[PDB]
$ cat work_1.csv   # CSV, C-alpha atoms (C1' of nucleotides)
chain,number,residue,atom,x,y,z
K,1,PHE,CA,93.6,63.8,83.6
K,2,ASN,CA,95.3,66.0,81.0
K,3,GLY,CA,99.0,65.2,81.7
K,4,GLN,CA,98.5,64.8,85.4
K,5,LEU,CA,99.9,61.3,84.9
K,6,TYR,CA,102.5,62.9,82.6
K,7,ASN,CA,103.6,65.9,84.7
K,8,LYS,CA,104.2,63.7,87.7
K,9,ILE,CA,106.5,61.6,85.5
K,10,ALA,CA,108.2,64.9,84.7
K,11,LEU,CA,108.3,65.5,88.4
K,12,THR,CA,109.4,61.9,89.0
K,13,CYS,CA,112.4,61.8,86.6
K,14,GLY,CA,113.5,65.1,87.9
K,15,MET,CA,113.2,64.7,91.8
K,16,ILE,CA,114.9,61.2,91.7
K,17,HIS,CA,117.3,60.9,88.8
K,18,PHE,CA,115.9,58.1,86.6
K,19,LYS,CA,118.0,60.1,84.1
K,20,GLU,CA,121.8,59.6,84.0
K,21,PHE,CA,121.7,56.4,86.2
K,22,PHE,CA,119.1,54.3,84.3
K,23,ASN,CA,118.1,54.0,80.6
K,24,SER,CA,115.2,56.4,79.7
K,25,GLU,CA,114.8,54.6,76.4
K,26,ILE,CA,111.2,54.5,75.3
K,27,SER,CA,111.0,51.3,73.1
K,28,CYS,CA,108.7,52.9,70.5
K,29,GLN,CA,108.6,49.6,68.6
K,30,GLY,CA,106.9,48.1,71.6
K,31,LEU,CA,104.4,51.0,71.5
K,32,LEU,CA,103.3,51.3,67.9
K,33,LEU,CA,102.7,47.5,67.4
K,34,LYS,CA,99.7,48.2,69.6
K,35,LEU,CA,98.6,51.3,67.6
K,36,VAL,CA,98.5,49.3,64.3
K,37,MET,CA,96.1,46.8,65.8
K,38,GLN,CA,94.0,49.3,67.8
K,39,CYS,CA,92.3,50.5,64.6
K,40,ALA,CA,93.3,47.7,62.2
K,41,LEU,CA,95.6,49.5,59.7
K,42,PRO,CA,98.0,47.8,57.3
K,43,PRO,CA,101.5,47.4,58.6
K,44,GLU,CA,103.1,49.8,56.1
K,45,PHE,CA,102.2,52.6,58.5
K,46,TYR,CA,104.4,51.0,61.1
K,47,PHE,CA,107.4,51.9,58.9
K,48,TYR,CA,105.8,54.9,57.1
K,49,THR,CA,105.7,56.5,60.6
K,50,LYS,CA,109.2,55.2,61.3
K,51,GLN,CA,110.9,57.2,58.5
K,52,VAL,CA,108.9,60.3,59.5
K,53,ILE,CA,110.4,59.6,62.9
K,54,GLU,CA,113.9,59.0,61.6
K,55,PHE,CA,113.7,62.1,59.4
K,56,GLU,CA,112.7,64.5,62.1
K,57,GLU,CA,114.7,63.4,65.1
K,58,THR,CA,117.7,64.7,67.1
K,59,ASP,CA,119.8,61.6,67.7
K,60,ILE,CA,117.9,59.1,65.6
K,61,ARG,CA,117.1,56.6,68.3
K,62,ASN,CA,115.7,57.2,71.8
K,63,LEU,CA,112.7,59.6,72.1
K,64,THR,CA,113.8,61.3,75.3
K,65,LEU,CA,112.0,60.8,78.6
K,66,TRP,CA,111.9,64.2,80.3
K,67,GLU,CA,113.0,65.2,83.8
K,68,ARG,CA,111.8,68.2,85.8
K,69,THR,CA,112.7,69.1,89.4
K,70,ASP,CA,113.1,72.7,88.2
K,71,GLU,CA,109.8,74.3,89.2
K,72,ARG,CA,106.0,73.7,89.2
K,73,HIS,CA,105.4,75.1,85.7
M,1,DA,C1',27.2,75.2,188.0
M,2,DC,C1',28.3,70.6,183.2
M,3,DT,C1',28.9,70.4,178.7
M,4,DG,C1',31.3,69.4,175.0
M,5,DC,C1',36.1,67.8,174.0
M,6,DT,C1',39.8,65.0,174.6
M,7,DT,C1',43.2,61.2,175.2
M,8,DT,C1',45.1,56.6,175.4
M,9,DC,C1',44.2,52.7,174.1
M,10,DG,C1',44.1,47.9,172.4
M,11,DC,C1',44.8,38.7,170.7
M,12,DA,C1',51.0,36.3,170.2
M,13,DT,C1',54.7,35.0,165.3
M,14,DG,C1',55.3,34.3,160.5
M,15,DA,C1',56.3,37.9,156.4
M,16,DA,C1',53.0,40.0,153.3
M,17,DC,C1',60.4,63.5,142.2
M,18,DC,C1',61.6,64.9,136.7
M,19,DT,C1',64.5,68.5,132.9
M,20,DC,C1',68.9,66.9,130.4
M,21,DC,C1',71.1,63.4,128.3
M,22,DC,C1',71.8,60.2,125.5
M,23,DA,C1',69.8,59.0,122.4
M,24,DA,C1',69.2,59.4,116.0
M,25,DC,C1',69.8,61.3,111.8
M,26,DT,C1',70.1,64.8,109.7
M,27,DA,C1',73.2,69.2,107.9
M,28,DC,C1',77.6,72.4,107.7
M,29,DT,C1',81.8,73.1,109.1
M,30,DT,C1',86.9,71.7,110.0
M,31,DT,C1',92.3,69.8,108.9
M,32,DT,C1',96.0,71.0,105.2
M,33,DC,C1',96.5,67.9,101.0
M,34,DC,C1',97.6,68.1,95.7
M,35,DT,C1',97.6,70.4,91.1
M,36,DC,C1',98.4,73.2,88.3
M,37,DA,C1',98.0,78.3,83.6
M,38,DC,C1',98.3,82.3,84.7
M,39,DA,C1',101.0,87.7,84.4
M,40,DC,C1',105.4,90.2,81.4
M,41,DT,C1',109.1,89.9,79.0
M,42,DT,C1',112.6,88.2,75.2
M,43,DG,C1',114.4,85.9,71.3
M,44,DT,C1',113.8,84.3,66.8
M,45,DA,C1',111.3,83.9,62.8
M,46,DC,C1',110.2,85.8,57.9
M,47,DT,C1',108.6,90.3,56.8
M,48,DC,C1',109.5,95.1,56.2
M,49,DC,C1',110.8,100.6,54.3
M,50,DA,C1',114.6,103.8,53.9
$ encode --input "work_1.csv" --output "structure tokens"
Amino acid sequence: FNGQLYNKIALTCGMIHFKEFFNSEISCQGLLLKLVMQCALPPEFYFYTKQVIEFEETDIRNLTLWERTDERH
DNA sequence: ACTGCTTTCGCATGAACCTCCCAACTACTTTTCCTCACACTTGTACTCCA
């Protein structure tokens, strides 16, 4: 609950370095094809979101998977 | 004097206790595991007042 699945991933990418050995590349195209069909919206929002993504993004691709072995906070 | 008062004795073989523990199911602890949002600063935003 409430990022307990997420904070362990943050503790997992940090303790064992999934970063800098593997590819921490979240294929966001394979994620939002679901979210179109979850609530049955027209497929323009698949690309309407994409340019909102590609406007506000450091390094256009690759929403970064995060690593944390730093502390428990 | 004499009673009561004893004392051995028996047709032959076959055979014919009790308290505490371990019960049964209740309840009220143990044995260390994981999972984090909380205190003061500080840096960065968009105001300020001289």
$ closest_atom_pairs --input "work_1.csv" --of "chain K" --to "chain M" --cutoff "9 Å" --atoms "all atoms listed in the file" --output "CSV"
residue,atom,partner,partner_atom,distance
K:4,CA,M:35,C1',8.0
K:72,CA,M:36,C1',7.7
K:73,CA,M:36,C1',7.7
$ atom_distance --input "work_1.csv" --atom1 "atom CA of residue K:26" --atom2 "atom CA of residue K:60"
12.7 Å
$ atom_distance --input "work_1.csv" --atom1 "atom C1' of residue M:33" --atom2 "atom CA of residue K:17"
25.1 Å
$ atom_distance --input "work_1.csv" --atom1 "atom CA of residue K:64" --atom2 "atom CA of residue K:27"
10.6 Å
$ closest_residue --input "work_1.csv" --among "K:9, K:41, K:15, K:28" --to "residue K:62" --atoms "only C-alpha atoms"
K:28
$ closest_residue --input "work_1.csv" --among "K:54, K:59, K:44, K:67" --to "residue K:24" --atoms "all atoms listed in the file"
K:67
$ decode --input "work_1.csv" --residues "stretch 30-45 of chain M" --atoms "N, CA, C and O atoms (P, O5', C5', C4', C3', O3' and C1' of nucleotides)" --output "mmCIF file, in the first residue's frame"
data_model
loop_
_atom_site.group_PDB
_atom_site.id
_atom_site.type_symbol
_atom_site.label_atom_id
_atom_site.label_comp_id
_atom_site.auth_asym_id
_atom_site.auth_seq_id
_atom_site.Cartn_x
_atom_site.Cartn_y
_atom_site.Cartn_z
ATOM 1 P P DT M 30 5.757 -10.478 26.747
ATOM 2 O "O5'" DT M 30 6.439 -11.706 25.981
ATOM 3 C "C5'" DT M 30 7.071 -12.755 26.719
ATOM 4 C "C4'" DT M 30 7.317 -13.959 25.829
ATOM 5 C "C3'" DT M 30 8.516 -13.820 24.888
ATOM 6 O "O3'" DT M 30 9.247 -15.031 24.804
ATOM 7 C "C1'" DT M 30 6.559 -14.215 23.632
ATOM 8 P P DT M 31 10.738 -15.018 24.199
ATOM 9 O "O5'" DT M 31 10.534 -15.217 22.624
ATOM 10 C "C5'" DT M 31 11.428 -16.057 21.887
ATOM 11 C "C4'" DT M 31 11.603 -15.554 20.462
ATOM 12 C "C3'" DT M 31 12.602 -14.403 20.301
ATOM 13 O "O3'" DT M 31 13.496 -14.675 19.236
ATOM 14 C "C1'" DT M 31 10.509 -13.823 19.334
ATOM 15 P P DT M 32 14.700 -13.662 18.908
ATOM 16 O "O5'" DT M 32 14.105 -12.722 17.764
ATOM 17 C "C5'" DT M 32 14.971 -11.959 16.927
ATOM 18 C "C4'" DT M 32 14.185 -11.405 15.754
ATOM 19 C "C3'" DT M 32 14.630 -10.064 15.215
ATOM 20 O "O3'" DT M 32 14.270 -9.968 13.863
ATOM 21 C "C1'" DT M 32 12.542 -9.858 16.367
ATOM 22 P P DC M 33 15.368 -9.584 12.758
ATOM 23 O "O5'" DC M 33 14.634 -9.923 11.387
ATOM 24 C "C5'" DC M 33 13.609 -10.892 11.379
ATOM 25 C "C4'" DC M 33 12.296 -10.278 10.939
ATOM 26 C "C3'" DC M 33 12.423 -9.015 10.117
ATOM 27 O "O3'" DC M 33 12.607 -9.348 8.749
ATOM 28 C "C1'" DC M 33 10.564 -8.930 11.664
ATOM 29 P P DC M 34 13.272 -8.292 7.736
ATOM 30 O "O5'" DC M 34 12.111 -7.247 7.433
ATOM 31 C "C5'" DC M 34 10.965 -7.673 6.737
ATOM 32 C "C4'" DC M 34 9.876 -6.636 6.831
ATOM 33 C "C3'" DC M 34 10.141 -5.369 6.029
ATOM 34 O "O3'" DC M 34 9.079 -5.146 5.140
ATOM 35 C "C1'" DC M 34 9.409 -4.856 8.216
ATOM 36 P P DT M 35 9.243 -4.094 3.943
ATOM 37 O "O5'" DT M 35 8.585 -2.780 4.534
ATOM 38 C "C5'" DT M 35 7.338 -2.864 5.181
ATOM 39 C "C4'" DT M 35 6.892 -1.496 5.628
ATOM 40 C "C3'" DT M 35 7.499 -0.354 4.824
ATOM 41 O "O3'" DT M 35 6.507 0.604 4.491
ATOM 42 C "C1'" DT M 35 7.981 -0.075 7.127
ATOM 43 P P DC M 36 6.631 1.423 3.114
ATOM 44 O "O5'" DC M 36 7.518 2.681 3.514
ATOM 45 C "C5'" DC M 36 6.897 3.915 3.778
ATOM 46 C "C4'" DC M 36 6.859 4.194 5.265
ATOM 47 C "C3'" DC M 36 7.229 5.623 5.650
ATOM 48 O "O3'" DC M 36 6.071 6.325 6.024
ATOM 49 C "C1'" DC M 36 8.113 3.992 7.159
ATOM 50 P P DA M 37 5.421 7.406 5.032
ATOM 51 O "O5'" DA M 37 5.010 8.583 6.019
ATOM 52 C "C5'" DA M 37 4.896 8.315 7.406
ATOM 53 C "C4'" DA M 37 4.839 9.605 8.188
ATOM 54 C "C3'" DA M 37 4.593 10.845 7.340
ATOM 55 O "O3'" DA M 37 3.546 11.730 7.897
ATOM 56 C "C1'" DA M 37 6.890 10.716 8.119
ATOM 57 P P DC M 38 3.291 11.986 9.476
ATOM 58 O "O5'" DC M 38 4.735 12.220 10.127
ATOM 59 C "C5'" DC M 38 5.056 13.471 10.740
ATOM 60 C "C4'" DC M 38 6.279 13.325 11.627
ATOM 61 C "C3'" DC M 38 7.059 14.603 11.865
ATOM 62 O "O3'" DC M 38 6.534 15.283 13.003
ATOM 63 C "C1'" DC M 38 8.527 12.749 11.390
ATOM 64 P P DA M 39 6.782 16.860 13.202
ATOM 65 O "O5'" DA M 39 8.169 16.936 13.999
ATOM 66 C "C5'" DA M 39 8.677 18.194 14.442
ATOM 67 C "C4'" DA M 39 10.097 18.043 14.961
ATOM 68 C "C3'" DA M 39 11.030 19.203 14.619
ATOM 69 O "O3'" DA M 39 11.214 20.017 15.772
ATOM 70 C "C1'" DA M 39 11.884 17.157 13.715
ATOM 71 P P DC M 40 11.721 21.534 15.625
ATOM 72 O "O5'" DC M 40 13.306 21.399 15.441
ATOM 73 C "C5'" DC M 40 14.090 22.552 15.180
ATOM 74 C "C4'" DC M 40 15.186 22.255 14.168
ATOM 75 C "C3'" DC M 40 15.664 23.479 13.380
ATOM 76 O "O3'" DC M 40 17.085 23.596 13.423
ATOM 77 C "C1'" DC M 40 15.097 21.711 11.904
ATOM 78 P P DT M 41 17.761 25.050 13.539
ATOM 79 O "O5'" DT M 41 19.008 24.992 12.536
ATOM 80 C "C5'" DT M 41 18.967 25.704 11.297
ATOM 81 C "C4'" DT M 41 18.869 24.741 10.126
ATOM 82 C "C3'" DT M 41 19.255 25.322 8.768
ATOM 83 O "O3'" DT M 41 20.688 25.119 8.483
ATOM 84 C "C1'" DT M 41 17.366 23.811 8.650
ATOM 85 P P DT M 42 21.319 23.724 7.959
ATOM 86 O "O5'" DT M 42 21.049 23.717 6.379
ATOM 87 C "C5'" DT M 42 21.315 24.876 5.601
ATOM 88 C "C4'" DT M 42 20.551 24.830 4.289
ATOM 89 C "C3'" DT M 42 20.806 26.013 3.354
ATOM 90 O "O3'" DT M 42 20.823 25.571 2.009
ATOM 91 C "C1'" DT M 42 18.516 25.878 3.831
ATOM 92 P P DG M 43 22.032 25.989 1.040
ATOM 93 O "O5'" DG M 43 21.372 25.997 -0.418
ATOM 94 C "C5'" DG M 43 20.600 24.884 -0.862
ATOM 95 C "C4'" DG M 43 19.242 25.345 -1.356
ATOM 96 C "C3'" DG M 43 19.278 26.174 -2.636
ATOM 97 O "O3'" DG M 43 18.736 25.415 -3.723
ATOM 98 C "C1'" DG M 43 18.031 27.307 -0.877
ATOM 99 P P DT M 44 18.944 25.898 -5.243
ATOM 100 O "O5'" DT M 44 17.600 26.691 -5.591
ATOM 101 C "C5'" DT M 44 16.330 26.063 -5.430
ATOM 102 C "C4'" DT M 44 15.255 27.101 -5.164
ATOM 103 C "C3'" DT M 44 14.935 28.002 -6.349
ATOM 104 O "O3'" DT M 44 13.784 27.506 -7.034
ATOM 105 C "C1'" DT M 44 15.303 29.301 -4.336
ATOM 106 P P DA M 45 13.496 27.929 -8.556
ATOM 107 O "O5'" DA M 45 12.369 29.063 -8.442
ATOM 108 C "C5'" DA M 45 11.032 28.706 -8.113
ATOM 109 C "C4'" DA M 45 10.445 29.680 -7.107
ATOM 110 C "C3'" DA M 45 9.928 30.985 -7.694
ATOM 111 O "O3'" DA M 45 8.557 30.848 -8.059
ATOM 112 C "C1'" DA M 45 11.346 31.433 -5.831
#
